[PDB]
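Asks: Pasting a structure here, questions to come.
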Protein chains: 2
Amino acid sequence: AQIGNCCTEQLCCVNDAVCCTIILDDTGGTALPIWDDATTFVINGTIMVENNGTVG
Amino acid sequence: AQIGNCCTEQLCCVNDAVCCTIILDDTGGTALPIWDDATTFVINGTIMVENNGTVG
């Protein structure tokens with residue numbers, strides 16, 4: 001006779017989106033921090049960059 | 001869940017008009033400066049010249 005149930009540990013799935021606009025100038029090769037991870041999770045997703053400045 | 005709003009960067013539209021009158025004589029092919037641009041904007045508009053001097 002089975003005692004207890006192995007069952008599962010159902011996990012909630014988080015799908016968030018972030019958007020911002022910046023005034024970008026010459027930074028001399030230095031990377032401006034936009035997003036950083038401080039958790040132990042595995043994170044996937046898509047990153048989109050659109051440059052609306054004057055052409056040329 | 002959306003975080004923030006891309007929104008927009010609404011731009012004010014400037015539509016100015018300028019008028020002046022000059023006493024024009026022979027300049028020997030040299031162009032008399034009337035208007036110059038010192039900004040980085042893209043400027044459109046209409047230019048009108050009326051010569052009211054004596055006919056002929």
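We label chains A, B, ... in the order they appear in the structure tokens, count residues from 1 in each chain, and number ligands from 1 in the order shown.
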The coordinates of chain B, once least-squares superposed on chain A over all sequentially paired C-alpha atoms, should be supplied as a compact mmCIF listing (two decimals) with N, CA, C and O atoms, in the first residue's frame.
Replies:
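Final output, saved to out.txt:
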```txt
# COMPACT_ATOMS: atom_id res chain seq x y z
N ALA B 1 0.83 -1.20 0.00
CA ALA B 1 0.00 0.00 0.00
C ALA B 1 0.86 1.26 0.00
O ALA B 1 1.75 1.41 0.84
N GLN B 2 0.60 2.15 -0.94
CA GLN B 2 1.36 3.39 -1.04
C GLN B 2 1.13 4.26 0.19
O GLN B 2 0.00 4.38 0.68
N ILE B 3 2.21 4.86 0.69
CA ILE B 3 2.15 5.78 1.81
C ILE B 3 2.62 7.14 1.31
O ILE B 3 3.77 7.28 0.88
N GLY B 4 1.74 8.13 1.38
CA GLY B 4 2.03 9.44 0.85
C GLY B 4 1.99 9.45 -0.67
O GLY B 4 1.66 8.47 -1.33
N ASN B 5 2.33 10.61 -1.23
CA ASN B 5 2.37 10.78 -2.67
C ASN B 5 3.59 11.61 -3.03
O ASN B 5 3.82 12.67 -2.45
N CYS B 6 4.38 11.12 -3.99
CA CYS B 6 5.51 11.90 -4.48
C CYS B 6 5.03 13.23 -5.06
O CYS B 6 5.65 14.27 -4.84
N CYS B 7 3.92 13.19 -5.80
CA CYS B 7 3.27 14.39 -6.31
C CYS B 7 4.23 15.27 -7.10
O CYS B 7 4.95 14.78 -7.99
N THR B 8 4.26 16.56 -6.80
CA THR B 8 5.10 17.51 -7.51
C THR B 8 5.32 18.72 -6.61
O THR B 8 4.84 18.78 -5.48
N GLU B 9 6.06 19.70 -7.13
CA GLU B 9 6.38 20.95 -6.45
C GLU B 9 6.08 22.13 -7.37
O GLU B 9 6.93 23.00 -7.60
N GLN B 10 4.86 22.15 -7.90
CA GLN B 10 4.49 23.04 -8.99
C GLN B 10 5.13 24.42 -8.85
O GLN B 10 5.17 24.99 -7.76
N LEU B 11 5.65 24.92 -9.97
CA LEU B 11 6.40 26.16 -10.01
C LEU B 11 5.63 27.20 -10.80
O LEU B 11 5.11 26.91 -11.88
N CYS B 12 5.56 28.42 -10.26
CA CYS B 12 4.93 29.52 -10.96
C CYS B 12 5.92 30.08 -11.98
O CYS B 12 7.10 30.26 -11.69
N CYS B 13 5.42 30.36 -13.18
CA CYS B 13 6.25 30.84 -14.28
C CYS B 13 6.09 32.35 -14.40
O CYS B 13 4.98 32.85 -14.60
N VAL B 14 7.20 33.07 -14.28
CA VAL B 14 7.22 34.53 -14.34
C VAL B 14 7.69 34.95 -15.72
O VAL B 14 8.72 34.47 -16.21
N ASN B 15 6.92 35.85 -16.35
CA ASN B 15 7.23 36.39 -17.67
C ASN B 15 6.97 37.89 -17.57
O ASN B 15 5.83 38.35 -17.71
N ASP B 16 8.03 38.66 -17.34
CA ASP B 16 7.95 40.10 -17.21
C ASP B 16 8.61 40.79 -18.39
O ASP B 16 9.44 40.20 -19.10
N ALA B 17 8.25 42.05 -18.60
CA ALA B 17 8.80 42.86 -19.68
C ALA B 17 9.25 44.20 -19.12
O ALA B 17 8.59 44.75 -18.23
N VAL B 18 10.36 44.72 -19.63
CA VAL B 18 10.92 45.99 -19.19
C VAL B 18 11.24 46.82 -20.42
O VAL B 18 11.71 46.29 -21.43
N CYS B 19 10.98 48.13 -20.34
CA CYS B 19 11.26 49.06 -21.42
C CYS B 19 11.74 50.38 -20.83
O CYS B 19 11.19 50.86 -19.84
N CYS B 20 12.77 50.96 -21.45
CA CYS B 20 13.18 52.31 -21.09
C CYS B 20 13.87 52.97 -22.28
O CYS B 20 14.21 52.32 -23.26
N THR B 21 14.03 54.29 -22.18
CA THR B 21 14.67 55.10 -23.20
C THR B 21 15.79 55.90 -22.57
O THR B 21 15.64 56.44 -21.47
N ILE B 22 16.92 55.98 -23.27
CA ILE B 22 18.11 56.65 -22.77
C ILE B 22 18.65 57.58 -23.85
O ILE B 22 18.40 57.42 -25.04
N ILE B 23 19.40 58.58 -23.39
CA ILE B 23 20.13 59.50 -24.26
C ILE B 23 21.56 58.98 -24.31
O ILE B 23 22.32 59.15 -23.35
N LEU B 24 21.93 58.36 -25.42
CA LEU B 24 23.21 57.69 -25.56
C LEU B 24 24.19 58.60 -26.29
O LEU B 24 23.86 59.13 -27.36
N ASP B 25 25.37 58.77 -25.72
CA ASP B 25 26.47 59.51 -26.32
C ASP B 25 27.71 58.62 -26.33
O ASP B 25 27.65 57.43 -26.04
N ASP B 26 28.85 59.22 -26.68
CA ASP B 26 30.10 58.47 -26.74
C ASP B 26 30.58 58.17 -25.32
O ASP B 26 30.80 59.09 -24.53
N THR B 27 30.75 56.89 -25.01
CA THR B 27 31.19 56.45 -23.69
C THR B 27 32.62 55.93 -23.68
O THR B 27 33.08 55.46 -22.64
N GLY B 28 33.32 56.00 -24.81
CA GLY B 28 34.70 55.56 -24.85
C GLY B 28 34.88 54.07 -24.60
O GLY B 28 35.84 53.67 -23.93
N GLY B 29 33.96 53.25 -25.11
CA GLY B 29 34.07 51.82 -24.99
C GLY B 29 33.59 51.24 -23.67
O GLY B 29 33.65 50.02 -23.50
N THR B 30 33.12 52.07 -22.74
CA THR B 30 32.64 51.59 -21.46
C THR B 30 31.18 51.20 -21.56
O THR B 30 30.37 51.90 -22.18
N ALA B 31 30.83 50.06 -20.95
CA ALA B 31 29.48 49.53 -21.03
C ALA B 31 28.63 50.13 -19.92
O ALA B 31 28.95 50.00 -18.73
N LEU B 32 27.54 50.79 -20.30
CA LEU B 32 26.61 51.34 -19.33
C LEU B 32 25.71 50.23 -18.80
O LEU B 32 25.02 49.58 -19.59
N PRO B 33 25.68 49.97 -17.49
CA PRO B 33 24.86 48.87 -16.98
C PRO B 33 23.38 49.17 -17.15
O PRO B 33 22.90 50.24 -16.79
N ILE B 34 22.65 48.20 -17.70
CA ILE B 34 21.22 48.31 -17.90
C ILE B 34 20.46 47.32 -17.02
O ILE B 34 19.47 47.69 -16.38
N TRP B 35 20.90 46.06 -16.98
CA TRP B 35 20.23 45.05 -16.19
C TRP B 35 21.26 44.10 -15.60
O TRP B 35 22.23 43.74 -16.27
N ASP B 36 21.04 43.68 -14.36
CA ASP B 36 21.92 42.75 -13.68
C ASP B 36 21.08 41.72 -12.94
O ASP B 36 19.94 41.98 -12.55
N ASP B 37 21.66 40.54 -12.75
CA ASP B 37 20.99 39.43 -12.08
C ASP B 37 21.62 39.20 -10.72
O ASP B 37 22.85 39.10 -10.60
N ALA B 38 20.78 39.12 -9.68
CA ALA B 38 21.23 38.87 -8.32
C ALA B 38 20.60 37.63 -7.72
O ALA B 38 20.77 37.37 -6.52
N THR B 39 19.87 36.85 -8.51
CA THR B 39 19.19 35.65 -8.04
C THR B 39 19.94 34.41 -8.53
O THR B 39 20.92 34.50 -9.28
N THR B 40 19.47 33.25 -8.08
CA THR B 40 20.05 31.96 -8.46
C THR B 40 19.24 31.25 -9.53
O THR B 40 19.52 30.09 -9.84
N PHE B 41 18.24 31.92 -10.10
CA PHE B 41 17.40 31.30 -11.11
C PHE B 41 18.11 31.28 -12.47
O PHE B 41 19.15 31.91 -12.67
N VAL B 42 17.52 30.55 -13.40
CA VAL B 42 17.95 30.53 -14.80
C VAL B 42 16.95 31.36 -15.59
O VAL B 42 15.74 31.08 -15.56
N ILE B 43 17.44 32.38 -16.28
CA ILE B 43 16.60 33.40 -16.90
C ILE B 43 16.81 33.35 -18.41
O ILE B 43 17.95 33.38 -18.88
N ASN B 44 15.71 33.29 -19.15
CA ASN B 44 15.73 33.38 -20.60
C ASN B 44 15.01 34.65 -21.03
O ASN B 44 14.37 35.32 -20.22
N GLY B 45 15.11 34.98 -22.31
CA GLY B 45 14.30 36.06 -22.84
C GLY B 45 14.91 36.68 -24.07
O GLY B 45 15.98 36.28 -24.54
N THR B 46 14.21 37.69 -24.58
CA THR B 46 14.60 38.41 -25.78
C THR B 46 14.93 39.86 -25.43
O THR B 46 14.25 40.47 -24.60
N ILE B 47 15.96 40.39 -26.07
CA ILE B 47 16.45 41.74 -25.85
C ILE B 47 16.35 42.48 -27.18
O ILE B 47 16.85 42.00 -28.20
N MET B 48 15.71 43.65 -27.16
CA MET B 48 15.51 44.47 -28.35
C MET B 48 16.07 45.86 -28.09
O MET B 48 15.82 46.46 -27.04
N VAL B 49 16.83 46.37 -29.07
CA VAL B 49 17.40 47.71 -29.02
C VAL B 49 16.99 48.44 -30.29
O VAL B 49 17.19 47.92 -31.39
N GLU B 50 16.41 49.63 -30.13
CA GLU B 50 15.98 50.45 -31.25
C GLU B 50 16.64 51.81 -31.14
O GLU B 50 16.53 52.47 -30.10
N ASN B 51 17.32 52.24 -32.20
CA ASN B 51 18.02 53.52 -32.21
C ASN B 51 17.21 54.48 -33.08
O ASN B 51 17.21 54.37 -34.31
N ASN B 52 16.52 55.42 -32.43
CA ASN B 52 15.65 56.37 -33.11
C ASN B 52 16.33 57.69 -33.41
O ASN B 52 15.68 58.60 -33.93
N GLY B 53 17.62 57.82 -33.12
CA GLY B 53 18.33 59.06 -33.37
C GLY B 53 18.30 59.47 -34.83
O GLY B 53 17.83 58.72 -35.68
N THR B 54 18.81 60.67 -35.12
CA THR B 54 18.83 61.15 -36.50
C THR B 54 19.68 60.23 -37.36
O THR B 54 20.72 59.72 -36.92
N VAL B 55 19.24 60.02 -38.60
CA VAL B 55 19.92 59.09 -39.49
C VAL B 55 21.25 59.68 -39.93
O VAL B 55 21.32 60.84 -40.37
N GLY B 56 22.32 58.89 -39.80
CA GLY B 56 23.63 59.30 -40.25
C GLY B 56 24.34 60.29 -39.36
O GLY B 56 25.41 60.78 -39.73
```
